[PDB]
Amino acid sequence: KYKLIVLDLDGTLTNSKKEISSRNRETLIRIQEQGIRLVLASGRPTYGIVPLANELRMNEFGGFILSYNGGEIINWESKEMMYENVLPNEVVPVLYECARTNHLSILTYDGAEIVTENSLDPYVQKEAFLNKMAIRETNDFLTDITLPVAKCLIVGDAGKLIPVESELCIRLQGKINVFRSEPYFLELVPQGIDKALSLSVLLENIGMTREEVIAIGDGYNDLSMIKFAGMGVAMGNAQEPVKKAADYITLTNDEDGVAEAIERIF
């Protein structure tokens, strides 16, 4: 019946210490050994998902990474990228100048590294630590990044980010979307980002239907994929609307709710 499992990371696959429990690891490895393919889908850049994909041996089982909320779809075994929704290059200098004039740090990604002019900003380091990515500091952001980039973050105290968000929202209407993922992270992304849309594209490519998919998540940004999946699973720690939209409610992330759901469903 089911042929694909899609997992969010934070609040879902990982526990409160941001680790994959050995129960979740062994259950996910076993289900792949039985022929089920996995997808890790998250707002993180690709290399913030890579270590978890490696732990789950996804590079041996044709696993997919949907990084940047599905802005990229990458087969982690073949390394082939199927889908690339990235920022228009012309917006990047505008984002940089906005950060500069507001005395806030901007960062973006270049493979396994975060690129920024302020490696000593605690908010920049928070993004590096969550993703386990080294920081490459530069004194010339716009010349040292590699374009195109899938997103940038402007980071700082929430109070300082709100007006920057409110300005960029309208200034770059039609070119980007803006939202805060943590109070201190302003995400600057292309239009049309949605895990469910990217999943749809993935399914069309690998010849699966939505009825054949299990998707597991916890947050509002998981709602569309939980609705889209034939078997949408809310974590025990999920938001109430996500629970109401699900087909199945599992244990919390700290109680191995991912392993539990997979064992129960299969």
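Position 1 is the first residue in the sequence shown; the rest follow in order.
query = Which of the two stretches, 129-137 or 166-174, shows the higher mean Cα temperature factor in the record?
reply = According to the PDB entry, the answer is 166-174.
task = Compare the mean C-alpha B-factor of 185-193 with that of 139-147 as given in the PDB entry, and name the stretch with the higher value.
result = The entry gives the higher C-alpha B-factor average to 139-147.
inquiry  = I'd like to know which of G217, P45, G70, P51 has the highest C-alpha temperature factor in the PDB entry.
reply    = Comparing C-alpha B-factors across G217, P45, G70, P51, the top value belongs to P51.
task = Classify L40 as lowest, middle or highest third according to the C-alpha B-factor given in the PDB entry, relative to its own chain.
result = CA B-factor rank for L40: lowest third.
task = Pull the Cα B-factor of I29 out of the PDB entry and bin it into the chain's lowest, middle or highest third.
result = Answer is highest: the recorded C-alpha B-factor places it there.
message = Can you tell me whether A158 has a C-alpha B-factor in the lowest, middle or highest third compared with the other modelled residues of the same chain?
response = Tercile = highest for this residue's CA B-factor.
task = Comparing against every modelled residue in the chain, figure out the third that the C-alpha B-factor of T101 lands in (lowest, middle or highest).
result = Tercile = highest for this residue's CA B-factor.
task = Grab the CA temperature factor for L223 from the record and place it in the lowest, middle or highest third of its chain.
result = Middle third, going by the recorded CA B-factors of the chain.
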